[PDB]
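Have a look at the structure below, then the notes.
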Amino acid sequence: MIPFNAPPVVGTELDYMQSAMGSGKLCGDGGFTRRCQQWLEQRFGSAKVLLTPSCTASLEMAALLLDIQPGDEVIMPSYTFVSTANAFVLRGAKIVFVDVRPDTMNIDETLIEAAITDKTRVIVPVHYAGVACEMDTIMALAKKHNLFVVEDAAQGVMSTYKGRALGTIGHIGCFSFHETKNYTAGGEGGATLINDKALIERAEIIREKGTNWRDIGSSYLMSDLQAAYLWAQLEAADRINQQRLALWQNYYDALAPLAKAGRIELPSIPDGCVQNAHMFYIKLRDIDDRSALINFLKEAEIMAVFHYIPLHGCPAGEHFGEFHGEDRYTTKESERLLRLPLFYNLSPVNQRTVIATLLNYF
Amino acid sequence: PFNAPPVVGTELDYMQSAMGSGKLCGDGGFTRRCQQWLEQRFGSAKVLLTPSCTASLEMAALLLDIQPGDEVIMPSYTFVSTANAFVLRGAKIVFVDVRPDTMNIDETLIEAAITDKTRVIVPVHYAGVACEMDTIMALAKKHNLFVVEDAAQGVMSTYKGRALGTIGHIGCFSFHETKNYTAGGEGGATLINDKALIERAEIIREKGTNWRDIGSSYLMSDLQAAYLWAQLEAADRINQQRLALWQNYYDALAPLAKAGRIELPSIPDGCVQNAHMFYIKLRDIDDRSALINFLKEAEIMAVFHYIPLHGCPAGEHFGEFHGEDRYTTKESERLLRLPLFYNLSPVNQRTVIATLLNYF
């Protein structure tokens with residue numbers, strides 16, 4: 001069967017992992033760890049980058065870094081991963097959900113200010129599908145109300161917004177290194193980006209409980225074995241990105257006649273935003289047309305899957321959070337979004353099979 | 001070298017297997033296998049692997065629904081994560097002095113610190129040596145307290161037949177390179193012995209339904225699991241070899257211990273260790289630092305252990321020491337950990353002993 005995703009295989013991961021084993025150091029904060037850190041810092045322009053076991057932990061570290069007390073309201077979309085909210089709820093924060101914009105499925109930068117209260121301190125924007133949000137409106141809103149901006153660029157690796165890299169535009173940035181991402185770091189991984197220099201000294205403390213105790217913290221240490229796996233794929237960062245971009249536009253150029261026919265809808269990439277081709281989604285009227293395609297693709301041995309059940313609709317989202325405004329584009333558009341098979345090791349032969357099955361359905 | 005990460009020689013073979021499967025993320029193939037291995041071998045109801053023991057400790061505090069104000073009893077002579085994991089839930093830490101023979105929490109000094117706010121007592125198995133669990137379990141049962149086992153060093157070691165980590169409601173394993181089983185450098189394991197705590201355990205490890213409830217990503221990569229699975233395969237071989245090297249230390253350092261010059265580790269009846277470390281107790285902080293500096297001159301790396309948390313600026317802020325600090329501070333400043341690991345050649349072990357006896 002043709003899966004929806006397969007972990008990035010450069011073919012050099014095995015060689016770099018033997019260097020970590022040969023060095024005799026496999027624990028966190030080792031050699032290849034700091035090398036991946038130096039890589040991300042200079043390439044993206046961030047002041048400091050620390051590697052975590054997961055993007056979830058990075059988000060948890062951020063909520064711990066900004067010193068969140070129970071009662072603090074954090075604004076975020078409900079069309080995101082559960083880790084985005086749970087990381088802040090753990091600190092006692094209440095979540096204020098805001099509807100998304102139907103073109104990019106990102107948080108509407110115009111509806112944010114209405115959700116701001118005296119209890120609000122943090123706003124965490126999610127760069128869905130690698131497509132950056134309107135940062136030149138959000139950062140101004142933060143500046144206007146003295147708020148912190150934590151970027152959830154879990155899918156925004158090798159993505160930029162008007163030049164600047166994602167995870168860099170904001171006080172804190174969070175990268176993901178799961179096997180379902182552009183760079184897998186051995187299956188599990190994450191990265192905390194500390195762009196604000198005034199948050200660095202404490203970030204080092206909470207990274208290793210107390211000054212590597214002085215204060216609370218955790219063990220946000222990713223093994224050096226995983227580091228070597230990541231460093232191997234950062235070496236082919238431009239090769240991986242360009243290949244995924246090639247496979248991405250192949251989907252777009254073949255589904256464009258259907259989009260211009262009004263049958264389906266294609267992803268929108270705003271001016272100034274450069275994606276990384278993390279995923280390719282389409283829109284199918286309702287939830288019955290999407291399922292009809294899902295079952296159709298499954299019959300052709302092709303794996304397709306939707307994305308993100310709205311957090312505000314979940315029973316735990318009704319307890320720790322609240323959807324401000326009108327649920328206009330969040331729930332509806334989520335039930336029609338379908339993700340197509342897209343990964344680095346995807347052969348062009350199989351992609352033609354997927355596309356042929358799509359056009360066959362329509 | 002004080003410690004070198006355990007190398008069986010078959011780690012590479014099992015990692016290629018994980019890579020060939022096209023799945024390296026958490027809860028993968030080798031993840032289940034490691035969890036199945038630990039459950040049968042030790043007798044645990046449910047074992048879940050974590051990125052670290054610290055994560056497991058935090059997962060434990062989140063599992064028992066620790067609210068701000070709740071008191072947690074533990075020795076101050078423990079790793080920072082043992083206390084830091086509970087403070088994250090807003091708990092207050094109540095430190096209890098140790099017993100000088102095993103450096104474990106004194107089972108007789110615990111009950112004097114129990115209040116109405118006390119909810120969890122977390123014992124720490126030092127050097128793989130078990131705490132007096134029969135007394136501790138009877139304590140908790142009487143005062144309705146949870147027992148979270150911090151067996152970060154007690155893996156493969158037992159207490160009166162029962163493996164450490166399975167004696168109490170929640171246990172915690174560590175898989176660091178400085179431990180007996182490294183799991184690719186980082187790794188941990190939460191042991192859910194209480195069956196009534198199993199259902200909520202799997203939820204908080206994967207946020208919800210596998211949202212539904214608070215939780216985190218306590219998932220460890222299948223790459224590390226593949227590394228760990230190779231280590232658990234040769235569990236007996238590693239254990240016995242480390243136990244062999246441990247006996248060589250005790251046999252040679254016994255005359256000094258009987259002379260009164262130093263003090264060797266004490267192992268209570270019914271307690272079987274796993275030889276995580278061989279500590280000698282000098283006379284003071286000056287005698288220890290003198291040996292450390294002497295061994296360093298002979299290019300031999302020795303090291304002490306963590307400083308009592310109740311003296312640290314965070315411990316006096318987030319916790320309180322109950323009773324008189326009679327042994328914790330003093331014994332900590334005279335304890336010295338000798339070089340000990342699985343790949344320690346017989347040639348280099350004698351060299352250390354030759355340097356030790358030469359100092360005395």
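We label chains A, B, ... in the order they appear in the structure tokens, count residues from 1 in each chain, and number ligands from 1 in the order shown.
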
Set out as JSON lines a contact list for range 50-152 of chain A and range 163-186 of chain A with a cut-off of 7 Å, giving each residue of range 50-152 of chain A that qualifies its closest atom pair and distance in Å to one decimal, counting only C-alpha atoms, ordered by chain and rising residue number.
```
{"residue": "A:54", "atom": "CA", "partner": "A:176", "partner_atom": "CA", "distance": 6.4}
{"residue": "A:55", "atom": "CA", "partner": "A:176", "partner_atom": "CA", "distance": 4.6}
{"residue": "A:58", "atom": "CA", "partner": "A:174", "partner_atom": "CA", "distance": 5.8}
{"residue": "A:59", "atom": "CA", "partner": "A:174", "partner_atom": "CA", "distance": 6.4}
{"residue": "A:62", "atom": "CA", "partner": "A:172", "partner_atom": "CA", "distance": 6.8}
{"residue": "A:148", "atom": "CA", "partner": "A:171", "partner_atom": "CA", "distance": 6.4}
{"residue": "A:149", "atom": "CA", "partner": "A:170", "partner_atom": "CA", "distance": 5.1}
{"residue": "A:150", "atom": "CA", "partner": "A:172", "partner_atom": "CA", "distance": 4.6}
{"residue": "A:151", "atom": "CA", "partner": "A:173", "partner_atom": "CA", "distance": 4.5}
{"residue": "A:152", "atom": "CA", "partner": "A:174", "partner_atom": "CA", "distance": 5.3}
```

Just the selected residues (N, CA and C atoms), exported as a tab-separated table (two decimals), in the first residue's frame, please.
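So selection02.tsv came out as:
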```tsv
chain	number	residue	atom	x	y	z
A	54	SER	N	10.77	16.61	22.12
A	54	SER	CA	9.65	16.81	21.21
A	54	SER	C	9.27	18.28	21.11
A	55	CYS	N	8.46	18.61	20.11
A	55	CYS	CA	7.94	19.97	19.98
A	55	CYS	C	6.97	20.26	21.12
A	58	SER	N	9.04	21.42	23.91
A	58	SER	CA	9.48	22.77	23.58
A	58	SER	C	8.39	23.78	23.92
A	59	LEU	N	7.15	23.42	23.60
A	59	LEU	CA	6.00	24.26	23.94
A	59	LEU	C	5.80	24.31	25.45
A	62	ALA	N	8.39	26.56	26.87
A	62	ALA	CA	8.05	27.96	26.61
A	62	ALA	C	7.04	28.48	27.63
A	148	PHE	N	3.53	38.34	24.78
A	148	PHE	CA	4.58	37.47	24.25
A	148	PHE	C	4.06	36.67	23.07
A	149	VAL	N	4.93	36.43	22.09
A	149	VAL	CA	4.56	35.61	20.94
A	149	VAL	C	5.42	34.36	20.84
A	150	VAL	N	4.78	33.21	21.04
A	150	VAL	CA	5.46	31.93	20.92
A	150	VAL	C	5.07	31.26	19.60
A	151	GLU	N	6.02	31.16	18.68
A	151	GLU	CA	5.74	30.56	17.38
A	151	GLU	C	5.66	29.05	17.46
A	152	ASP	N	4.56	28.50	16.94
A	152	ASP	CA	4.41	27.05	16.83
A	152	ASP	C	4.76	26.63	15.41
```

Checklist entry - Leaving out residue 32 in chain A and any residue of its chain fewer than 6 positions from it, which residues lie within 9 Å of it when counting only C-alpha atoms, given as a ChimeraX atom specification? => result /A:16,20,224-231

Could you please take those selected residues and save N, CA and C atoms as an mmCIF file, in the first residue's frame?
```cif
data_model
loop_
_atom_site.group_PDB
_atom_site.id
_atom_site.type_symbol
_atom_site.label_atom_id
_atom_site.label_comp_id
_atom_site.auth_asym_id
_atom_site.auth_seq_id
_atom_site.Cartn_x
_atom_site.Cartn_y
_atom_site.Cartn_z
ATOM 1 N N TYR A 16 26.596 8.804 10.425
ATOM 2 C CA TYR A 16 26.750 9.815 11.466
ATOM 3 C C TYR A 16 26.448 9.255 12.853
ATOM 4 N N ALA A 20 28.684 9.061 16.731
ATOM 5 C CA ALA A 20 28.202 9.318 18.081
ATOM 6 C C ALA A 20 28.507 8.137 18.992
ATOM 7 N N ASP A 224 22.108 12.066 21.907
ATOM 8 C CA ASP A 224 23.046 12.430 20.852
ATOM 9 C C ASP A 224 22.912 11.489 19.659
ATOM 10 N N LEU A 225 22.300 10.333 19.893
ATOM 11 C CA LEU A 225 22.022 9.384 18.824
ATOM 12 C C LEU A 225 21.007 9.982 17.857
ATOM 13 N N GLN A 226 19.961 10.581 18.414
ATOM 14 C CA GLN A 226 18.949 11.255 17.614
ATOM 15 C C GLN A 226 19.536 12.491 16.943
ATOM 16 N N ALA A 227 20.472 13.135 17.633
ATOM 17 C CA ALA A 227 21.134 14.323 17.112
ATOM 18 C C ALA A 227 21.869 14.014 15.815
ATOM 19 N N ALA A 228 22.619 12.916 15.818
ATOM 20 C CA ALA A 228 23.373 12.493 14.643
ATOM 21 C C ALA A 228 22.439 12.168 13.483
ATOM 22 N N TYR A 229 21.249 11.678 13.811
ATOM 23 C CA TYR A 229 20.245 11.374 12.802
ATOM 24 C C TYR A 229 19.709 12.664 12.191
ATOM 25 N N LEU A 230 19.589 13.698 13.019
ATOM 26 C CA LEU A 230 19.098 14.994 12.570
ATOM 27 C C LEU A 230 20.165 15.739 11.777
ATOM 28 N N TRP A 231 21.395 15.707 12.282
ATOM 29 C CA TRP A 231 22.520 16.378 11.636
ATOM 30 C C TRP A 231 22.779 15.817 10.243
#
```

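Secondary structure of range 239-310 of chain B, strand (DSSP E) only (DSSP, backbone atoms): residues 271, 272, 278, 279, 280 and 281 of chain B.
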
Store the residues picked out above, limited to C-alpha atoms, as a tab-separated table (two decimals), in the first residue's frame.
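Listing of out.tsv after writing:
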```tsv
chain	number	residue	atom	x	y	z
B	271	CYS	CA	18.10	-6.78	49.30
B	272	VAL	CA	19.83	-7.83	46.08
B	278	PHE	CA	30.69	1.18	44.44
B	279	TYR	CA	31.01	4.04	46.92
B	280	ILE	CA	33.61	4.42	49.65
B	281	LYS	CA	33.08	6.77	52.58
```

Checklist entry - range 19-191 of chain A: which residues are alpha helix (DSSP H) by DSSP, as JSON, numbers by chain? => result {"A": [19, 20, 21, 22, 23, 31, 32, 33, 34, 35, 36, 37, 38, 39, 40, 41, 42, 43, 44, 55, 56, 57, 58, 59, 60, 61, 62, 63, 64, 65, 82, 83, 84, 85, 86, 87, 88, 89, 135, 136, 137, 138, 139, 140, 141, 142, 143, 144, 145]}

Go ahead and write the selection's residues with N, CA and C atoms as a compact mmCIF listing (two decimals), in the first residue's frame.
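Once written, again-v4.txt looks like this:
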```
# COMPACT_ATOMS: atom_id res chain seq x y z
N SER A 19 29.41 7.72 14.47
CA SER A 19 30.34 8.72 15.00
C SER A 19 29.98 9.05 16.44
N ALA A 20 28.68 9.06 16.73
CA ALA A 20 28.20 9.32 18.08
C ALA A 20 28.51 8.14 18.99
N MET A 21 28.34 6.93 18.46
CA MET A 21 28.64 5.71 19.21
C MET A 21 30.14 5.55 19.41
N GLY A 22 30.91 5.96 18.40
CA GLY A 22 32.36 5.87 18.47
C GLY A 22 32.95 6.88 19.44
N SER A 23 32.27 8.01 19.60
CA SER A 23 32.73 9.06 20.49
C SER A 23 32.56 8.67 21.96
N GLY A 31 27.81 16.12 21.33
CA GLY A 31 28.47 16.74 20.20
C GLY A 31 27.51 17.13 19.09
N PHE A 32 26.86 16.13 18.50
CA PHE A 32 25.96 16.35 17.39
C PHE A 32 24.74 17.18 17.79
N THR A 33 24.46 17.23 19.09
CA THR A 33 23.39 18.07 19.60
C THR A 33 23.71 19.54 19.37
N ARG A 34 24.87 19.97 19.88
CA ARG A 34 25.30 21.36 19.76
C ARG A 34 25.56 21.76 18.31
N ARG A 35 25.89 20.78 17.47
CA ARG A 35 26.14 21.03 16.06
C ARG A 35 24.84 21.34 15.32
N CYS A 36 23.79 20.62 15.67
CA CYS A 36 22.46 20.90 15.13
C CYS A 36 21.98 22.26 15.61
N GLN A 37 22.39 22.62 16.83
CA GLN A 37 22.03 23.90 17.40
C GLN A 37 22.72 25.04 16.64
N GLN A 38 24.02 24.90 16.42
CA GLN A 38 24.78 25.89 15.66
C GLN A 38 24.26 26.00 14.23
N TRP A 39 23.76 24.89 13.70
CA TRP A 39 23.23 24.86 12.34
C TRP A 39 21.98 25.73 12.23
N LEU A 40 21.02 25.49 13.13
CA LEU A 40 19.75 26.20 13.11
C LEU A 40 19.91 27.68 13.46
N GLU A 41 20.81 27.97 14.39
CA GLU A 41 21.01 29.34 14.87
C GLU A 41 21.47 30.30 13.77
N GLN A 42 22.45 29.88 12.98
CA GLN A 42 23.02 30.74 11.95
C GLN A 42 22.18 30.75 10.68
N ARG A 43 21.62 29.59 10.34
CA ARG A 43 20.83 29.45 9.12
C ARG A 43 19.52 30.23 9.19
N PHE A 44 18.95 30.31 10.39
CA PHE A 44 17.65 30.95 10.58
C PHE A 44 17.77 32.31 11.26
N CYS A 55 8.46 18.61 20.11
CA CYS A 55 7.94 19.97 19.98
C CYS A 55 6.97 20.26 21.12
N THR A 56 6.35 19.20 21.62
CA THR A 56 5.46 19.30 22.78
C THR A 56 6.22 19.82 23.98
N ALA A 57 7.39 19.23 24.23
CA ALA A 57 8.24 19.64 25.35
C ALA A 57 8.76 21.06 25.16
N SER A 58 9.04 21.42 23.91
CA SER A 58 9.48 22.77 23.58
C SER A 58 8.39 23.78 23.92
N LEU A 59 7.15 23.42 23.60
CA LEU A 59 6.00 24.26 23.94
C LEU A 59 5.80 24.31 25.45
N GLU A 60 6.02 23.18 26.11
CA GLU A 60 5.94 23.12 27.57
C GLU A 60 7.03 23.96 28.21
N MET A 61 8.22 23.91 27.62
CA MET A 61 9.35 24.70 28.09
C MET A 61 9.06 26.19 27.96
N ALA A 62 8.39 26.56 26.87
CA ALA A 62 8.05 27.96 26.61
C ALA A 62 7.04 28.48 27.63
N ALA A 63 6.04 27.67 27.94
CA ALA A 63 5.04 28.03 28.95
C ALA A 63 5.68 28.14 30.32
N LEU A 64 6.75 27.37 30.53
CA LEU A 64 7.50 27.40 31.77
C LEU A 64 8.46 28.58 31.79
N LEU A 65 8.95 28.95 30.61
CA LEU A 65 9.90 30.05 30.47
C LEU A 65 9.25 31.40 30.72
N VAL A 82 -2.96 19.08 19.89
CA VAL A 82 -3.30 19.14 21.30
C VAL A 82 -2.13 19.60 22.17
N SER A 83 -0.91 19.39 21.67
CA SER A 83 0.29 19.79 22.39
C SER A 83 0.39 21.30 22.52
N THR A 84 -0.19 22.01 21.55
CA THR A 84 -0.15 23.47 21.54
C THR A 84 -0.91 24.04 22.73
N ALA A 85 -1.99 23.38 23.13
CA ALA A 85 -2.81 23.85 24.23
C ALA A 85 -2.39 23.22 25.56
N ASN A 86 -2.22 21.90 25.56
CA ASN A 86 -1.83 21.17 26.77
C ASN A 86 -0.57 21.72 27.43
N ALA A 87 0.38 22.18 26.62
CA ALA A 87 1.64 22.71 27.14
C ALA A 87 1.43 23.95 28.01
N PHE A 88 0.36 24.69 27.73
CA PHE A 88 0.05 25.90 28.48
C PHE A 88 -0.96 25.64 29.58
N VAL A 89 -1.85 24.68 29.35
CA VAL A 89 -2.84 24.30 30.35
C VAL A 89 -2.15 23.71 31.59
N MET A 135 2.60 37.78 10.31
CA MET A 135 3.40 38.16 11.47
C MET A 135 3.51 39.68 11.62
N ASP A 136 3.39 40.40 10.51
CA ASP A 136 3.49 41.86 10.53
C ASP A 136 2.21 42.51 11.06
N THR A 137 1.32 41.69 11.62
CA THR A 137 0.13 42.19 12.28
C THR A 137 0.08 41.68 13.71
N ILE A 138 0.52 40.44 13.90
CA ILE A 138 0.52 39.80 15.21
C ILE A 138 1.55 40.42 16.15
N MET A 139 2.78 40.58 15.66
CA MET A 139 3.86 41.14 16.48
C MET A 139 3.54 42.57 16.90
N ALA A 140 2.79 43.28 16.06
CA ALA A 140 2.36 44.63 16.37
C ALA A 140 1.28 44.62 17.45
N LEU A 141 0.41 43.62 17.38
CA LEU A 141 -0.63 43.44 18.39
C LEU A 141 -0.02 43.12 19.75
N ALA A 142 1.05 42.33 19.73
CA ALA A 142 1.77 41.99 20.95
C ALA A 142 2.45 43.23 21.53
N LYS A 143 3.12 43.98 20.66
CA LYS A 143 3.79 45.22 21.06
C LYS A 143 2.79 46.21 21.64
N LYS A 144 1.60 46.26 21.05
CA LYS A 144 0.56 47.19 21.48
C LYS A 144 0.00 46.83 22.86
N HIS A 145 -0.04 45.54 23.17
CA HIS A 145 -0.62 45.08 24.43
C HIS A 145 0.39 44.37 25.32
```

Checklist entry - Please, which residues of chain B lie no more than 8 Å from chain A when the count uses only C-alpha atoms, and can they be set out as a PyMOL selection string? => result chain B and resi 4-5+22-26+51-52+54-55+80-81+84-85+87-88+176-177+184-186+207+211-217+219-224+309+312-315

Item to check | Two-atom distance - CA of residue 197 in chain B, CA of residue 119 in chain B (Å) | outcome: 15.5 Å

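Picture a line from CA of residue 36 in chain B to CA of residue 343 in chain B; it runs 26.8 Å.
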
Next on the checklist: Need the shell around residue 159 in chain A: protein/DNA/RNA residues with any atom at most 7 Å away, counting only C-alpha atoms. Skip same-chain ones fewer than 3 positions apart. Format as a PyMOL selection string?
Outcome noted: chain A and resi 130+156+165-166+274-276

Determine, for each residue of range 26-77 of chain A having at least one atom at most 10 Å from an atom of range 95-102 of chain A, the closest pair of atoms and their separation in Å to one decimal, counting only C-alpha atoms; order by chain and ascending number, as JSON lines.
```
{"residue": "A:71", "atom": "CA", "partner": "A:95", "partner_atom": "CA", "distance": 9.6}
{"residue": "A:72", "atom": "CA", "partner": "A:95", "partner_atom": "CA", "distance": 8.5}
{"residue": "A:73", "atom": "CA", "partner": "A:95", "partner_atom": "CA", "distance": 5.7}
{"residue": "A:74", "atom": "CA", "partner": "A:95", "partner_atom": "CA", "distance": 5.0}
{"residue": "A:75", "atom": "CA", "partner": "A:96", "partner_atom": "CA", "distance": 4.6}
{"residue": "A:76", "atom": "CA", "partner": "A:97", "partner_atom": "CA", "distance": 5.3}
{"residue": "A:77", "atom": "CA", "partner": "A:98", "partner_atom": "CA", "distance": 5.0}
```

Next on the checklist: Just want the 12 Å neighbourhood of residue 159 in chain B, counted on only C-alpha atoms, with same-chain residues fewer than 4 positions away dropped. Output as JSON, numbers by chain.
Outcome noted: {"B": [42, 125, 128, 129, 130, 131, 132, 133, 134, 151, 154, 155, 163, 164, 165, 166, 167, 168, 267, 268, 269, 270, 271, 272, 273, 274]}

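Candidate residues A:335, A:235, A:271, A:322 were compared for distance to residue 291 in chain A, and the nearest is A:335, using only C-alpha atoms.
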
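Picture a line from CA of residue 358 in chain B to CA of residue 261 in chain B; it runs 13.3 Å.
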
Item to check | Residue contacts of residue 150 in chain B (7 Å, only C-alpha atoms) excluding same-chain residues fewer than 2 positions away, as an MDAnalysis selection string | outcome: chainID B and resid 122:125 148 152 171:172
